Each structure stands twice: as structure tokens, then as C-alpha cells.
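In what follows, a single structure is set out as C-alpha cells and then discussed.
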Amino acid sequence: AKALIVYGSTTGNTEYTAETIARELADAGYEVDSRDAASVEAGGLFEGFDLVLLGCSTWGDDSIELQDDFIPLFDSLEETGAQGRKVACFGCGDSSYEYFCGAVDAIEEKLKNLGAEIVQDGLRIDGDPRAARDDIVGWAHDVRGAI
Ligand SMILES: Cc1cc2nc3c(=O)[nH]c(=O)nc-3n(C[C@H](O)[C@H](O)[C@H](O)COP(=O)(O)O)c2cc1C
């Protein structure tokens, strides 16, 4: 299986998150292509991949904004090829906020309307992903046992 991981990380939390998952997938024998949203190019980005993992942090106070590097991809997700594609989402936030990880909820909803298959509900990290380390290892394990 070949997987694409694309992440949008401001203070590298979600970045750290993306690495933990990749290691997980690689150890399992997956081929893993990992890309920072900052440089990705949206059209057919998902083509030739058996699994597409998408990560993004939640920002904003009383509004939900998506991590900055991510926006442009988010805007161009219909150019992707997400139709019939096997996807899962992840991201870091803080529960103290009104829309916890609301950026996760978004990417999900969008994926869903484009026609992707949502293999697993989103990993929503509250806090330092470094302290949720095990939760991550496990979600990755659960995503794989769902393809
Ligand atoms: C000013 C700003 C506003 C934030 N807004 C949101 C919020 O609306 N929802 C949420 O769950 N997290 C909120 N968070 C927290 C970030 O998502 C969080 O600090 C996260 O770990 C950043 O991850 P990243 O480094 O990958 O970009 C906010 C953090 C700050 C500093």
C-alpha cells in the first residue's frame, strides 16, 4: 500500500504528529510519501495513492481558521482526486477553545462531499502531541486495520 501524508503545522505539533504516523505506517511495511502543505500542489495530488492522510491545526478565536500553509490546498481539494479515495484526518488544537480542532471537522466534511471514503474518524489532539504519543500510534494502527 502507498500512503500520502500532507500536513499543515504552525508550531510543529501537527508536524510532529505527521512523523509519528509516518513511522507507524513505514514500520508496518507501507510506502509513505510525506509532504508539508506549504509546498504541495493540489491537482491530482492524491493520484496513485491507496491512503491519503491529512493533517491540520486549528487557529482563530471565535472563528475557525485552518493552519496557514494548509488553506490553499483546502481551497483546491476538488482538484485532488478524492472521489472513492480512502482518507483519514488528524490535527492538534486545545479544548479550552470554542471549536476544538474545528479544522479537522471541516476537511472531513469537505472530503465527504467530494466522495472520499472516511476510513476512520479524525484524531483530535488536545495539547502536546508528545503527550498523546500512544493515542497517535494507536490511531495509525486503527487506520491500517480499516483499509
Ligand atoms: C491564538 C490561537 C488560537 C487558537 N485557536 C484554536 C481553536 O480555535 N481551536 C483549537 O482546537 N485550537 C486552537 N488553538 C491551539 C492550536 O491549535 C494549538 O496550539 C496547536 O498545538 C498548534 O499546532 P501546530 O503547531 O501544528 O500548528 C489556538 C492557539 C492559539 C495560539
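Any read-out appearing in this document is the output of simple, stated calculations on the displayed coordinates, not a laboratory observation. Quick reminder, even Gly has a Cβ in these numbers, built from the backbone with ideal geometry, and neighbours come from all protein chains shown.
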>> With a 10 Å cut-off between alpha carbons and a GNM built on the chain, which of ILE71, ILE125, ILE107 moves the most?
In response: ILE71
>> Can you report the principal axis dimensions of the chain using only the alpha carbons, biggest first, rounded to whole angstrom?
In response: 38, 32, 24
>> Among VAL137, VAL104, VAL52, which one shows the highest mean-square fluctuation when the chain is modelled as a Gaussian network with alpha-carbon springs under 10 Å?
In response: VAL137
> Using 1/(1 + (r/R0)^6) with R0 = 41 angstrom and r between the beta carbons of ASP27 and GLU98, what's the FRET efficiency to the nearest 0.05?
Replying inline: 0.65
> Stretch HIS141-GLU41 to full length: gain in nm at 0.36 nm per residue minus the Cα-Cα span?
Replying inline: 33.2 nm
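Can you give the charge dipole size of the range 34-147 about its Cα centre, rounded to the nearest 20 debye, using +1 on the beta carbon of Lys and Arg and -1 on the beta carbon of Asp and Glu?
Working: 9 positive and 24 negative charges, 112 e Å.
In debye, rounded to 20, the range 34-147 gives about 540.
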> Each residue of the range 58-74 in turn: what ³J(HN,Hα) in whole Hz from Karplus with 6.51, -1.76, 1.60 and θ = phi - 60°, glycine and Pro shown as x?
Replying inline: 9, 10, x, 10, 9, 10, 9, 10, 8, 3, 4, 4, 5, 2, x, 6, 3
>> Over the chain, with a Gaussian network built from C-alpha contacts below 10 Å, which listed residue (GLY115, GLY102, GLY48) shows the highest mean-square fluctuation?
In response: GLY48
> Measuring from label point to label point, each 7 Å out along Cα→Cβ, what is the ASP62 to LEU114 span in nm?
Replying inline: 3.2 nm
> Across the range 3-18, in residue order, what do the Karplus-derived ³J(HN,Hα) couplings come to in whole Hz, using 6.51 cos²θ - 1.76 cosθ + 1.60 with θ = phi - 60° and x for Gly and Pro?
Replying inline: 10, 10, 10, 10, 10, x, 10, 8, 10, x, 7, 6, 4, 4, 3, 4
> Per-residue HN-Hα couplings for the range 108-123, Karplus 6.51 cos²θ - 1.76 cosθ + 1.60 at θ = phi - 60°, whole Hz, x for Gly and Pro?
Replying inline: 5, 3, 5, 3, 3, 6, 6, x, 5, 9, 7, 5, 8, 5, x, 7
